[PDB]
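A quick write-up on the structure given underneath.
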Amino acid sequence: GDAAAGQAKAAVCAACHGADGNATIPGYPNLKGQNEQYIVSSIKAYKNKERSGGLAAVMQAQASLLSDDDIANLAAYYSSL
Ligand code: HEC
C-alpha cells in the first residue's frame, strides 16, 4: 500500500480517528502506528460485516466505501504514523 495515497484518503477518517490517528472520543480507537496487516484485516472485517453491533455499524458503512486498494493504502498510512 502507498502511504501518501492513504493520507489523501484519510480526510474522512480524521473526524473520528483524529488528525494524527489518535482518537479523542471515548470509546473510539486510536489507529496511529497500529499493525499494518491488522488494519487491513479489520477494515475488511467491517466490509464483510464480520464485525457487527454498536459502533461497528458505523464502520461497516465506512468500509463499504473503500476498495481493496484504498484499504491497503489507508493501512500503510496509519501504520506509518
Ligand atoms: C465515525 C463517524 C468514524 C469514521 C468517519 C471512521 N471511523 Fe473507523 N471507527 C469508528 C469507530 C467508533 C470504531 C470502533 C468500531 C468497533 O468495532 O468498535 C472504528 C473502528 C475502526 C478500525 C478498527 C480499529 C481496531 O483497533 O480494530 C479501523 C481500522 C478504522 N475504524 C478505520 C477507519 C478508516 C480507515 C476510516 C476512513 C476511511 C474510518 N475508520 C472512518 C469511527 C469512525
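Convention: chains lettered A, B, ... in C-alpha cells order; per-chain residue numbering from 1; ligands numbered from 1 as shown.
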Using 6 Å as the limit and counting only C-alpha atoms and all ligand atoms, can you tabulate each residue of chain A that touches ligand 1, with its shortest atom-to-atom distance in Å and the two atoms involved, as a tab-separated table?
residue	atom	partner	partner_atom_place_in_ligand_line	distance
A:10	CA	ligand 1	37 (C)	5.2
A:12	CA	ligand 1	37 (C)	5.3
A:13	CA	ligand 1	37 (C)	3.4
A:15	CA	ligand 1	5 (C)	6.0
A:16	CA	ligand 1	3 (C)	4.5
A:28	CA	ligand 1	12 (C)	4.6
A:29	CA	ligand 1	26 (O)	5.6
A:39	CA	ligand 1	29 (C)	4.5
A:42	CA	ligand 1	23 (C)	5.5
A:43	CA	ligand 1	29 (C)	5.2
A:55	CA	ligand 1	15 (C)	4.5
A:56	CA	ligand 1	17 (O)	4.0
A:59	CA	ligand 1	9 (N)	5.2
A:62	CA	ligand 1	38 (C)	5.8
A:74	CA	ligand 1	35 (C)	5.5
Could you please take those selected residues and save N, CA and C atoms as an mmCIF file, in the first residue's frame?
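Now in out.cif:
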data_model
loop_
_atom_site.group_PDB
_atom_site.id
_atom_site.type_symbol
_atom_site.label_atom_id
_atom_site.label_comp_id
_atom_site.auth_asym_id
_atom_site.auth_seq_id
_atom_site.Cartn_x
_atom_site.Cartn_y
_atom_site.Cartn_z
ATOM 1 N N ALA A 10 -7.632 9.714 3.856
ATOM 2 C CA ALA A 10 -7.891 9.644 5.300
ATOM 3 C C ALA A 10 -8.617 10.882 5.831
ATOM 4 N N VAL A 12 -11.682 11.864 5.560
ATOM 5 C CA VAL A 12 -12.913 11.474 6.206
ATOM 6 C C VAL A 12 -12.671 10.777 7.537
ATOM 7 N N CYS A 13 -11.588 10.006 7.625
ATOM 8 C CA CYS A 13 -11.332 9.204 8.824
ATOM 9 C C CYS A 13 -10.925 10.068 10.002
ATOM 10 N N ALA A 15 -12.042 12.773 11.257
ATOM 11 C CA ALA A 15 -13.109 13.308 12.139
ATOM 12 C C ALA A 15 -13.398 12.420 13.339
ATOM 13 N N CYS A 16 -13.085 11.122 13.205
ATOM 14 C CA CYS A 16 -13.348 10.159 14.273
ATOM 15 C C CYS A 16 -12.084 9.531 14.862
ATOM 16 N N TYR A 28 -13.729 5.434 21.068
ATOM 17 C CA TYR A 28 -13.279 5.350 19.683
ATOM 18 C C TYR A 28 -11.792 4.959 19.705
ATOM 19 N N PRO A 29 -11.373 4.183 18.727
ATOM 20 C CA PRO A 29 -9.983 3.631 18.795
ATOM 21 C C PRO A 29 -8.933 4.487 18.138
ATOM 22 N N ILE A 39 -4.740 -3.565 10.377
ATOM 23 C CA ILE A 39 -5.649 -2.518 9.880
ATOM 24 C C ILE A 39 -6.329 -3.031 8.650
ATOM 25 N N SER A 42 -8.936 -5.765 9.691
ATOM 26 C CA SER A 42 -10.038 -5.204 10.470
ATOM 27 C C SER A 42 -10.980 -4.395 9.543
ATOM 28 N N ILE A 43 -10.444 -3.594 8.627
ATOM 29 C CA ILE A 43 -11.372 -2.872 7.723
ATOM 30 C C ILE A 43 -12.071 -3.890 6.824
ATOM 31 N N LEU A 55 -20.963 0.329 17.733
ATOM 32 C CA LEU A 55 -20.127 1.239 16.894
ATOM 33 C C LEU A 55 -19.616 0.544 15.633
ATOM 34 N N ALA A 56 -19.667 -0.792 15.566
ATOM 35 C CA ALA A 56 -19.353 -1.433 14.300
ATOM 36 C C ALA A 56 -20.264 -1.022 13.111
ATOM 37 N N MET A 59 -18.694 1.675 11.226
ATOM 38 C CA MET A 59 -17.546 1.271 10.388
ATOM 39 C C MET A 59 -17.889 0.342 9.239
ATOM 40 N N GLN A 62 -18.552 2.895 6.527
ATOM 41 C CA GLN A 62 -17.314 3.482 6.047
ATOM 42 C C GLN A 62 -16.510 2.499 5.181
ATOM 43 N N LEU A 74 -4.756 3.103 3.123
ATOM 44 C CA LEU A 74 -5.033 3.545 4.484
ATOM 45 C C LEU A 74 -4.199 2.846 5.569
#
Inset, instruction - Excluding residue 7 in chain A and any residue of its chain fewer than 5 positions from it, enumerate the residues within 12 Å of it, using only C-alpha atoms, and give them as a list in words. - result: residues 1, 2, 12, 13, 14, 19, 20, 21, 70, 71, 72, 73, 74, 75, 76, 77, 78, 79, 80 and 81 of chain A
If we count only C-alpha atoms, what is near residue 64 in chain A at a cut-off of 10 Å, once residues fewer than 2 positions away on the same chain are taken out, given as a short mmCIF file (atom, residue, chain, number, x, y, z; two decimals) with N, CA and C atoms, in the first residue's frame?
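And here is the file that came out, selection_13.cif:
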data_model
loop_
_atom_site.label_atom_id
_atom_site.label_comp_id
_atom_site.auth_asym_id
_atom_site.auth_seq_id
_atom_site.Cartn_x
_atom_site.Cartn_y
_atom_site.Cartn_z
N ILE A 43 -10.44 -3.59 8.63
CA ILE A 43 -11.37 -2.87 7.72
C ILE A 43 -12.07 -3.89 6.82
N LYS A 44 -11.34 -4.90 6.36
CA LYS A 44 -12.04 -5.97 5.59
C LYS A 44 -13.15 -6.70 6.39
N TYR A 46 -15.05 -5.27 8.66
CA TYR A 46 -16.27 -4.41 8.63
C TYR A 46 -16.96 -4.50 7.24
N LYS A 47 -16.16 -4.49 6.18
CA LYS A 47 -16.65 -4.52 4.78
C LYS A 47 -17.45 -5.81 4.59
N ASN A 48 -17.04 -6.88 5.28
CA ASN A 48 -17.71 -8.20 5.12
C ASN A 48 -18.76 -8.43 6.18
N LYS A 49 -19.00 -7.38 6.98
CA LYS A 49 -19.90 -7.39 8.17
C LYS A 49 -19.59 -8.52 9.19
N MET A 59 -18.69 1.67 11.23
CA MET A 59 -17.55 1.27 10.39
C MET A 59 -17.89 0.34 9.24
N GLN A 60 -18.90 -0.48 9.37
CA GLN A 60 -19.47 -1.13 8.18
C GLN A 60 -19.79 -0.21 7.01
N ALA A 61 -20.48 0.88 7.30
CA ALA A 61 -20.78 1.86 6.30
C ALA A 61 -19.50 2.45 5.69
N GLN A 62 -18.55 2.89 6.53
CA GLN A 62 -17.31 3.48 6.05
C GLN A 62 -16.51 2.50 5.18
N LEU A 66 -14.82 1.73 0.58
CA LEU A 66 -13.40 1.57 0.30
C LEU A 66 -13.07 0.34 -0.55
N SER A 67 -12.35 0.55 -1.62
CA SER A 67 -11.89 -0.56 -2.45
C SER A 67 -10.73 -1.23 -1.71
#
Inset, instruction - Enter the distance from CA of residue 27 in chain A to CA of residue 63 in chain A, in Å, rounded to one decimal. - result: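 Interatomic distance, CA of residue 27 in chain A to CA of residue 63 in chain A: 18.7 Å.
CA of residue 6 in chain A is positioned 9.4 Å from CA of residue 69 in chain A.
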